[PDB]
Every structure is written in C-alpha cells, then in structure tokens.
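Protein chains in written order, with our numbering: chain V, 1 to 268; chain F, 1001 to 1274; chain G, 2001 to 2274; chain B, 3001 to 3268. Every residue gets a Cβ at the ideal spot worked out from N, C-alpha and C, and that includes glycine. This report concerns only the one structure given below.
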Amino acid sequence: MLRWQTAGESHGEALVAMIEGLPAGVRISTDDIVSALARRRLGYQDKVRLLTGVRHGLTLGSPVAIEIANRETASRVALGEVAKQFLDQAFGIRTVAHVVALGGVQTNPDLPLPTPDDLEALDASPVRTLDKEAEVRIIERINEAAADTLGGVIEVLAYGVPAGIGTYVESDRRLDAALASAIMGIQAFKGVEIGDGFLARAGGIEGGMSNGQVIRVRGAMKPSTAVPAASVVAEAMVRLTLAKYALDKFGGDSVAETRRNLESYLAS
Amino acid sequence: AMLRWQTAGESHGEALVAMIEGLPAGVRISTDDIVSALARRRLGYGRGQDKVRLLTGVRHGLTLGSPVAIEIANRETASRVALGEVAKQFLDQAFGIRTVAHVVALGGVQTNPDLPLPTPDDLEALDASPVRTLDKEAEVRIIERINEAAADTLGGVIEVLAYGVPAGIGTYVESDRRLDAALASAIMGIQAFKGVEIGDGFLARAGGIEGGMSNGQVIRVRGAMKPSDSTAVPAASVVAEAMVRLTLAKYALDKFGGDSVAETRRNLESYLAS
Amino acid sequence: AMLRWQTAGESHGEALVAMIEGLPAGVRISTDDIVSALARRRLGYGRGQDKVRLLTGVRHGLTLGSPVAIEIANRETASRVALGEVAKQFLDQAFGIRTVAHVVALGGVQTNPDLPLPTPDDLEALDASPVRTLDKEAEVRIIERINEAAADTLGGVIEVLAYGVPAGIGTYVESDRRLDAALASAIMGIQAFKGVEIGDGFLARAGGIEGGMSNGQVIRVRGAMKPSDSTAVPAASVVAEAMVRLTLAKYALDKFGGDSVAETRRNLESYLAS
Amino acid sequence: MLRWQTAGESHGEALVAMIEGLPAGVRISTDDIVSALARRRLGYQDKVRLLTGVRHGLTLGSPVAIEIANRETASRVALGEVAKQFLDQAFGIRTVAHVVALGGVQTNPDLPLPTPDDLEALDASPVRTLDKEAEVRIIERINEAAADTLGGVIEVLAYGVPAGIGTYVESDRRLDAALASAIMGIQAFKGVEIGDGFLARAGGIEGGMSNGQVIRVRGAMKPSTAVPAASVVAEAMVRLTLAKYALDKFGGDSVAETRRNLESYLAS
Ligand SMILES: [Cl-]
Ligand SMILES: [Cl-]
Ligand SMILES: [Cl-]
Ligand SMILES: [Cl-]
Ligand SMILES: [Cl-]
Ligand SMILES: [Cl-]
Ligand SMILES: [Cl-]
Ligand SMILES: [Cl-]
C-alpha cells in the first residue's frame, strides 16, 4: 500500500517527507523535486536530498525519504513530484492544475481544457489560467482587495487514467470518495466536485470507478494571493491518491512489471 | 476500537445484514426504532413492510458493548439507514447531538436560503413534505418541475445539519483524519453524489468545521447528486443523513470514549469543564 | 479489499453471527459444510444440534464476491470455526491448500515426534481419536493423565500444518506483515494461548516460512495453551486451525488476487510459470 | 495512534526513522539515541540528528524524524529509545532485556529476575546475563562453534505497566497478540511466549490484558554472536508496542496530561 508521512516545523532545520511501497525503477532526481517546489512559490532557493530508497537515479523498492532545507506545503509538493514521476513512467498518467475562479470572477467554461502540454503557459500565468481574458479581470480584482484572503475554485485534471480504478462498493474506498477526502483535507478547502458536480459530465469517475475519461476534480477554497499555490498543492494530493489506487489495482515490484500488468488487464 | 461498520445483502436474497462494532454499552435501541427509520427512506414525490431483528449485541433494550448485528427482512440503502438509526440513538443519548436532513434544490429549482434553517423539531413536517423541505413555495415548484420531466433521473442538492456537536472533534493536521475530510468522503461514497460542501463552500459560514475541527456551531454538509415513479433526491438526503451520523459517531467516540453511554457522557461533561 | 472478518453474538442470545468480506466470487460453500465443521469443535475426551443460515453473499451454492454473513443458531468458538470452514473451501478450491490440526502434547504427556506428520487424508482418524492424535501409544497415556486430574484445566500444545502453500506469500520487510508474524498473532489472540512457534523454534525445520515468507514446504505452526467433563485442548486445535486458515486465506488473496476462484487460480498458475 | 516508519540502505548516506503521535513534553536528546545505538554493538561512532518534532530537548507533538549516519537494526533501536523515554516519563514503565539461553545452554531459572537497575551489569556482560555461571558456560560454547549461527532464547521484561492495557476481545488486537507479532517480525525469530508459555506464571498478560504484574516476553531465535544484539532489538519493538497500547488507553496531548489520565483511571 502506498503510504506517506511528512514532518518538520515551520521554523526548524529541515522538513522530511517519506513515502513507502513505490516500486523499483522509477527515475526520480533531487532536481525534479527542487523544480516541483519552485512551482509552489508562483502566484500574483530550495535544497533537497534523497536520503534513502534511490541509487543511480532510480527507486529501489524500499522507503524513499526526502530532506528539504528551510504550516508548510513543501513536503507534500515534494511527495507529489515523486508520485508524478511514477504515474507517468508506469502508466502514462499525467495531471494538470489551474484556477477556474478567483474572488468571484469565473473563467470561460467554453474554452479548451488545459492539458499536460500547457504546463509552461500555466506556470507563466500569474494566476494559473490559459483564459487570458479572465486572467486580467482576476488581476484587477486582486488589486482592488489583503491578497491572501480572497477565495477561489481550482481544478485538477488527470489524463491517461485507465478505466477500472476504484470500487463499485458504496464506501469511502471509492475513487471519487478518496479524491474528495484528499482535497478537503487541505487547509482552506470547503468543497469538492467530480466533473460539473453541483452544476449537474461525470468527470471521469462513475459508480466509484474511473471510466477511462479525463478525471476532473474541483476544489472550492476560502481562507500574494494563495489560490494558485492551492491548485498546485491539490495536484500533489490528487497525484498521491491516484498513485495509491493505481498501484493497488496493477501494482508490481518494479515499474516494468507494473506496465506489464497494465497491458495484461488492458488486453482483456 | 474505532466505531466500525459493515453491510451485506443482495437485493433479492432472504435478508440484508448490518453490523457495527465499537459502540459503548448502554445505548437505548429497539427494532421498533429501526423499522421506523427504515420507513422514512421510502418517502418521496411520485406521479405513477420492514421486519427487523437485533441478532446480537443488545440485551434488555440496551447495547452491551459487543458487536451489534441487525437482520432486515426481504442497490439497497436499508442497511445503512438502519445503521444510522443506531448512530442517531447513540449521538443523542451520549452527546445530545441530533441531525436533520432536507432537500435544498431539486431539478434546478432552488429553495429560499433566507428561510430559517430546519431544526430537529421540524422532523414530522419534513417527513410530511413530498419533497422534504419547509419551503411550501419551493415544494410546489419542485413538484411542478418533477411533473414536466422519468422522475428518478432528476438530481439535486441535499443538506444535512448537525446540532450540538461540541468543539474539538477532528484534527488540525492536514490529512484524511479531518472531520470535514471524513464527511466529504462519507457523502461522496454514496452512489450518484458528485459534490460535497461544508457550509456554503463553493459560494462562500464555516459550516461548523474550521481548521479540520468542529467549532461548536451547527455543522452543515451539502451534497450534490445526479443520477410509485418518484424522485430519488429526498431519499438520498435520508441516506446522506445516515452516513453523516455514522461519521459523527465515530469521531465523537474517538475523542470522548467510554465503555458506556454514562461514562462517555461524563467525559464530555469533563472536557467542557476544561 | 483485504480479506476481513468479524464475529458477534452472546453465549445466550438468539444467534451468533459471523461475517467475512473480500472473498472472490465462485467459492463452493453450503450450510452443510459449516454444520459439519461446527460439529468437530465439540470432540474431546471426557470423564463425566447446530443450525446454520447463509444470510448473504451466496447464491446457487457459490459466493458472489460480496460480504458473506452467517447465522449460527443458539465465550464461543462457533463463529470462528464457521469462518474457518469458509476459508477452508476457499483455500482448497483456489490454491489446493489444506490444513490439519492435531494435539502434540497435553498435560505434560508428549506425543512421539519421529512418527510421520499427519496429512489431510488423516482427518477422519484424527476426528475419531478422543485426544486428536495418531499416536495410539500417546493417546492412552494422555487419557490416563486426564483421568488422574478438573479436565478442562489441563493445558497442552497443538499443531496446525498447512500443505500446498506456494512460495512467496508474506514479505522480506521485518514487520507485522510477515506471514510468521501474522500467524503468531492469529494464535496468540485465542484465549488461553501463551506460546507460538513456527517449525520447532524453541528447540530448533524453518516450519515453511523463512525471512518472512512461505518457501513452499509444509507450514507448521505450534501453540501452547494453558487455561461431558472433557479436556479443552483438542477443541483449541480446531479453533487454532480456523484462525490459521483465515490468515493464510488473507495473505494468499493479497498475493494472487482475483475476483473469482477461476481468476485467482489462473494468477497462481501464472506466478508459478515465473 | 503511535505509528513509525524506518528507511535506509545497508550502504547509503543515511538511515531515517520517523515516529508520529507522540505527545508534547517528552525529554529526548540525540545523546540518548547515540547511547541506545552503542548498546546494539555489544556482544561476545554513531552520529544522530533530530530533524523534526523537538525543540529545547522536548517533543512538540508533531512527527519526530531521526537521521543516523552510516539489514540494519539501528533505526529500530533509535525508535525504541524514544519509546523508552516516553514510557518512563509518562508512566514509570521501564524495560529490561537479557539472554536466558544460547547455543543450548540454559541460564538458571531459580535466580532473581533482572530489573532496570541491573542495566549496567547487563551491558557489561558479554552475553547479557547476570547468571555468572551460565555466562562462562555460554562463552565456552561460543568458542567451540561460526559464532553468528548459534541460536538462543531472549527475554524482555516490562515493569510498571498498569493493569488494563489491551482488550478482552479474542483477536490480534490483544496485548499478548501484538507483542507476539512484534517479536516474530524480527529476522531469525521462530517463537514467542508470554511467561512460562510452552513450559506451562501468566507473564503479566491475562485474557488479552495487562494485569499489573511484570510482563515477561520470550523470543526464540535461530538464524561475533548475534543473540545479545537480538535481545536489544526485541526490547526496542516491545517498547514501541507498549508505547502504542499505553498511549491508546491513556493518551493525552502532552506527557503531563497523559500522567494525569493515568492517575484518574488508577484512582477508580
Ligand atoms: Cl506532466
Ligand atoms: Cl470564487
Ligand atoms: Cl439541482
Ligand atoms: Cl451507561
Ligand atoms: Cl503440556
Ligand atoms: Cl470462478
Ligand atoms: Cl531504563
Ligand atoms: Cl538455545
């Protein structure tokens, strides 16, 4: 079972993150993590060590512990980076995060959904959106406001998820249940939807199981603005939950065995 | 032992079975209580009896502290509603916690938010309403809206409110163990639910949970669902109530413990004296 | 979902109830199988009927994949023995794993270790023996020993053997998740048990588990217990067998999975082809 | 719930141990841990950092992570040291570990049981026993043997445990069940007993619950000798299980609240 723990005080010598149950063969580097941490600072000099579980840039199958030199989101974002690598390398699964509403201003829903290829443009946007018209209105609104007190709605999309991850049983063990819980557990979040949700299309989860479509998770939040950073942190938690459920369903001891189990299932 | 439960049964086998472990000795519970809560899951506006046995864990009308197994005669929601009736009796007797469920929107037709929140004393009236709301005005539009539609295909929004929850249940740690996270999970795990809010979230007020923990105010949980010939939404609210109760029972039991309703009651009384 | 089980019932209430979740569809199981396994828990040398319902999870004699609830008519060991009968049928049908239980010592009187180990084909003979051993010589001394004693106060050592377990079940990681650790826990959690060995441990042979994992040999688990007018030891062996089976079912299900006995069987067949 | 994880490769830059759910107020230092690690080397230059969860020599209530600079038992022994501090400071509970048989030679059971005050004498004994007659026979036997292949039986005693920790319910959640599992999960162990066990007085656990007596746990093992080190490692795991169960039964958020909950229960 993929399991993780974080540690470290706002003003201490280090933050520690530890993840267990990841298979051997995942390519992960400290520069990957430094890069993932920089992204958390974005919105209108991190040092990382991989202490255990890695040799020659690959996971070994043992527990991976990360030391980050410095409330904090760093350690969760670091874990999300490891989860990101694993999901892509083992399954072709990739996520995207963006802000779809901030301070009451909505983005245009008729516009194309962002994709993983839009990552550079989203990092470049001060409020993490491709909707250039909404962005300038959001910026105006931020400037009329203190900044970190404004609310918003964020969205995380997951591509390449194969159908069949989750359970048909009605319980918190369903995939939409686990995701809803992962988001709402983030400070400031007050709501979560799968797809159109309250507006109701399914958002890629139907009857507790992924259906093969894009998974669209939205989180409402209400506590220099904090909304873009929240989208990034939420992406980390969505990645971790997705990694956990995908590994439970197709898990092998090495990334190569894991793909091999995906191709088997997918060929029947 | 954490409060833990399980259900079983096929929609056309002889019986449905529900089991719950971790409940303290001394909860006052009867088959009658359950037959009653089961009746309510059938209410709902349309346009076109239950037998219960307490197989284990109860003696002389009171829980023993051991696992309680319930046989309900015969997807099903009965075993969960039954379970919520047991949680209801525990919450009220040990903590004076009571919940209420109502439909705040159905098929696009919203109710009026200004109207005062329903309270537990409004139960009989809520059961009497075909669409489970106190908004007479809205009830007629919703009925109109159902009539112009197949009924059970319409979705809506439900609300569950919890009165009397003391402050300090849940945790500051940002994780799954937060009370708001567990409730989101409890709702979202019910078939057809696509959304969940604490307070007026997507529009916002904390809804009684701040920083992962109950603050003493009324707790408000909303859920959006979208699936004779009746609508499914009022019943969804009754099921959501069942799961909110179970979660609240679990978390309250964890904080105030006790091997008996009396001891649990004393631990709360003690905690509130600081 | 991990194989998971729960029992309930009071020693003088209407029924005992046992429930097990996570079992694959297609296990062949009948009330009859259970009445039978329940009869065996009563065997034991002395000096001075069961009704079973499969309330859920079974249709046309086969498991459905959903939770299985069992009502046994009426401390008790019946619900665990019932549960072990279900695990027995699963183990044998999905993996060809079968177990045997026997008493290797009682009241200080040891059996002879040189004699060949009992096999599953020795069941009928083991049931026929008042002290559940194939050591005719020892059986008479034990009976002698019981006679010179209150019978149920005498302790002893029991052994459970598991044939056909494939290699690779459990883990290398030094923790609770090792197969030998889980079995130690399964036994030690039974009332009166004070000791547990894998193989000939205290005297030593691996007993089929090395480095936290099954190696393909026969698995051997020993347990030391010390509490008409019969001895309790032969029945303890039957209960220990029930818990060893459940643990083995859990761990095997975790490694070979499958939503059906057929699919699980194919995953093992696949694993053994490397 | 007291929860711990360990990480680190036999030949890597560090070993990491992390423990969560410990209350604020436990006095613990890196010198305590260095000392506990030295004890593991004993039998016929460790550097430790407390990365998180501690300030002014006291736990804060958050997760405690430990870095140890170097199969390994170091990280478990480190966790046992933290567990030791907590158990003594919160409950007056203290443990002892010793070898009661090695290579077939038995110690004298008529002799006084060791106590926590016997710690210096036990560390000083090359085979961890107060039975001086048995010790020289054990040493002879070791010398007649390769050394690390000899088996033995170890014992861990726990003093000051209050009656009532565990459960009467027949399951692996009983205290004797949890302890049996903690020992047997250690490599090389093949058997565990509570009290006289197979010999059968109760060894301090009756009907799944501690009874107020001394808890006596024995572990049979069969893989320069390794038996004394195994006794120390087993003590670490017994400490952790005891800490976990005691905290579940009387746990408060600070050591002071925890004692206070013990005195309450104990006064009724
Ligand atoms: Cl990407
Ligand atoms: Cl907004
Ligand atoms: Cl609606
Ligand atoms: Cl009471
Ligand atoms: Cl004996
Ligand atoms: Cl099948
Ligand atoms: Cl000490
Ligand atoms: Cl020995």
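For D1121 (chain F), which of F:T1077, F:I1097, F:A1078, F:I1198 has the nearest alpha-carbon? Counting from one through the second sequence, the residue named residue 1121 (chain F) turns up at place 121. Checked all of F:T1077, F:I1097, F:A1078, F:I1198; the closest Cα to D1121 (chain F) is F:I1097.
I'd like the span of the beta strand (DSSP E) that includes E3155 (chain B), first residue to last. Against the fourth sequence, residue 3155 (chain B) aligns to sequence position 155. Its beta strand (DSSP E) spans residues 3152 to 3159.
Once the 5 residues before and after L1179 (chain F) are set aside, which same chain residues still bring their CB inside 7 angstroms of it? The sequence position of residue 1179 (chain F) within the second sequence is 179, counting from 1. Counting only Cβ-Cβ distances below 7 angstroms, and skipping sequence neighbours, we find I1169, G1170, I1209, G1212, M1213, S1214, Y1251.
With 9 angstroms as the C-beta to C-beta threshold (strictly closer), list the residues of the stretch 12 to 25 of chain V near chain B in chain order. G12, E13, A14, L15, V16, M18, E20
I'd like to know if the stretch 1190 to 1198 of chain F and the stretch 1126 to 1141 of chain F are in contact, where contact means that at least 3 CB-CB pairs between them fall below 8 angstroms. no
Here's a check: name, in chain order, each residue in its chain whose Cβ is nearer than 7 angstroms to the Cβ of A3147 (chain B), leaving out the five neighbours to either side. Sequence index remark: in the fourth sequence, residue 3147 (chain B) carries index 147 (1-based). Contacts found: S3224, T3225.
Element boundaries [beta strand (DSSP E), containing residue 3311 (chain B)]: Missing from the structure shown is residue 3311 (chain B); chain B here goes from 3001 to 3268 and no further.
If we ignore side chains and look at the alpha-carbon of each, how far apart do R2041 (chain G) and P3112 (chain B) end up? Position 41 of the third sequence holds residue 2041 (chain G). Position 112 of the fourth sequence holds residue 3112 (chain B). Approximately 42 angstroms between the Cα atoms of the pair.
Can you tell which of B:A3097, B:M3018, B:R3071 has the C-alpha that lies nearest to the C-alpha of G3219 (chain B)? To locate residue 3219 (chain B), count along the fourth sequence from 1; it is residue 219. Looking at the Cα atoms, B:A3097 is the closest of the given residues.
Can you tell which of B:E3072, B:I3019, B:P3023, B:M3018 has the C-alpha that lies nearest to the C-alpha of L3037 (chain B)? For the purposes of this step, residue 3037 (chain B) is taken as the residue at position 37 of the fourth sequence. Comparing Cα positions, the closest option is B:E3072.
Closer than 7 angstroms: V3161 (chain B) CB and nearest ligand 5 heavy atom: For the purposes of this step, residue 3161 (chain B) is identified with residue 161 of the fourth sequence, where counting begins at 1. Incorrect: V3161 (chain B) has no Cβ contact closer than 7 angstroms to ligand 5.
Decide yes or no for the touch test of the stretch 1043 to 1053 of chain F against the stretch 1241 to 1258 of chain F: beta carbon pairs closer than 8 angstroms, at least 3 of them. no
How would you write the range of the alpha helix (DSSP H) that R41 (chain V) sits in, first residue to last? Mapped onto the first sequence, residue 41 (chain V) falls at position 41. Counting along the chain, the alpha helix (DSSP H) containing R41 (chain V) begins and ends at 30 to 41.
Using only the alpha-carbon positions, how far apart do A2008 (chain G) and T3149 (chain B) sit? Position 8 of the third sequence, counted from the first residue, corresponds to residue 2008 (chain G). Position 149 of the fourth sequence, counted from the first residue, corresponds to residue 3149 (chain B). Whole-angstrom Cα-Cα distance: 46 angstroms.
Proximal residues of chain V, C-beta to C-beta of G3053 (chain B) below 7 angstroms: The count along the fourth sequence starts at 1 and reaches residue 3053 (chain B) at position 53. Result: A7.
Taking 7 angstroms as the limit between beta carbons, can you name the residues of its chain near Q89 (chain V), skipping five residues before and five after? Along the first sequence, read from residue 1 onward, the residue named residue 89 (chain V) stands at position 89. So the list reads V26, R27, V255, once near-sequence residues are dropped.
In terms of residues, what are the limits of the beta strand (DSSP E) holding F198 (chain V)? Here residue 198 (chain V) is taken as the residue at index 198 of the first sequence, counted from 1. Run containing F198 (chain V): none; DSSP gives neither H nor E here.
With 16 as the cutoff for other CB atoms within 10 Å, does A267 (chain V) come out buried or exposed? Against the first sequence, residue 267 (chain V) aligns to sequence position 267. Result: exposed.
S3224 (chain B) in three-state terms, based on DSSP: As a working note, residue 3224 (chain B) is residue 224 in the fourth sequence. Coil at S3224 (chain B), not helix or strand.
Can you name the start and end residues of the alpha helix (DSSP H) that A2273 (chain G) belongs to? Along the third sequence, one-based indexing puts residue 2273 (chain G) at 273. First-last for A2273 (chain G): undefined, no H or E at that position.
Residues of chain V with CB under 9 angstroms from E3067 (chain B), in chain order? Numbered from its first residue, the fourth sequence carries residue 3067 (chain B) at position 67. Within chain V, the residues near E3067 (chain B) are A14, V16, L51, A65, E67.
Distance, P2118 (chain G) Cα to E3170 (chain B) Cα: Taking the first residue of the fourth sequence as position 1, residue 3170 (chain B) is located at position 170. Taking the first residue of the third sequence as position 1, residue 2118 (chain G) is located at position 118. So the two alpha carbons sit approximately 28 angstroms from each other.
Can you give me, in chain order, the residues of the stretch 1186 to 1206 of chain F that have a beta carbon less than 7 angstroms from any beta carbon in chain V? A1186, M1188, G1189, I1190, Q1191, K1194, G1195, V1196, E1197, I1198, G1199, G1201, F1202, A1204
Determine the DSSP secondary structure at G2084 (chain G), reduced to helix, strand or coil. The count along the third sequence starts at 1 and reaches residue 2084 (chain G) at position 84. Here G2084 (chain G) sits in helix by DSSP.
Looking only at C-alpha atoms, which of F:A1182, F:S1228, F:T1056, F:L1003 sits nearest to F1090 (chain F)? Taking the second sequence and counting its residues from 1, the one referred to as residue 1090 (chain F) is at position 90. Minimum Cα distance to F1090 (chain F) is reached at F:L1003.
If you measure from each CB to the nearest heavy atom of ligand 1 and keep those under 5 angstroms, what residues do you get, in chain order? V:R94, V:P116
Reduced DSSP category for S2079 (chain G) - H, G, I as helix; E, B as strand; rest coil: On the third sequence, residue 2079 (chain G) is found 79 positions in, with the first residue counted as 1. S2079 (chain G): helix per DSSP, three-state reduction.
Kindly list, in the order they appear in chain V, the residues whose Cβ is closer than 8 angstroms to that of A1151 (chain F). To locate residue 1151 (chain F), count along the second sequence from 1; it is residue 151. The contacting residues do not exist; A1151 (chain F) stays about 17 angstroms from chain V at best.
How would you call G3012 (chain B), buried or exposed, if buried means at least 16 neighbouring beta carbons within 10 angstroms? Within the fourth sequence, the letter at position 12 stands for residue 3012 (chain B). Buried: at least 16 other Cβ atoms inside 10 Å.
Please list, in chain order, the chain V residues whose beta carbon lies closer than 9 angstroms to that of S3062 (chain B). Locating residue 3062 (chain B) in the fourth sequence gives position 62, where the first residue counts as 1. Neighbours of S3062 (chain B) on chain V, chain order: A7, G8, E9.
Please list, in chain order, all residues of the same chain as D32 (chain V) whose beta carbon is under 6 angstroms from its beta carbon, the five residues on each side excluded. Translated into positions along the first sequence, residue 32 (chain V) becomes position 32. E81.
Based on Cα-Cα distance, which residue from F:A1105, F:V1081, F:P1024, F:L1043 lies nearest to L1064 (chain F)? One-based indexing of the second sequence puts residue 1064 (chain F) at position 64. For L1064 (chain F), the nearest C-alpha among the options comes from F:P1024.
Starting from the C-beta of residue 994 (chain F), find all residues in its chain whose C-beta is less than 7 angstroms away, skip the five residues before and the five after it, and write them out in chain order. A query on residue 994 (chain F) cannot be resolved here, the shown segment of chain F reaching from 1001 to 1274 and no further.
Which residues in chain B sit within 9 angstroms of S2260 (chain G), going by Cβ to Cβ distance? As a working note, residue 2260 (chain G) is residue 260 in the third sequence. Neighbours of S2260 (chain G) on chain B: none; closest Cβ ~28 angstroms, over 9 angstroms.
Cβ-heavy atom distance between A101 (chain V) and ligand 2 below 7 angstroms? Numbered from its first residue, the first sequence carries residue 101 (chain V) at position 101. Yes, the Cβ of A101 (chain V) comes within 7 angstroms of a heavy atom of ligand 2.
For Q2089 (chain G), three-class secondary structure by DSSP: Counted from its first residue, the third sequence places residue 2089 (chain G) at position 89. If DSSP states are grouped into helix, strand and coil, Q2089 (chain G) belongs with the helices.
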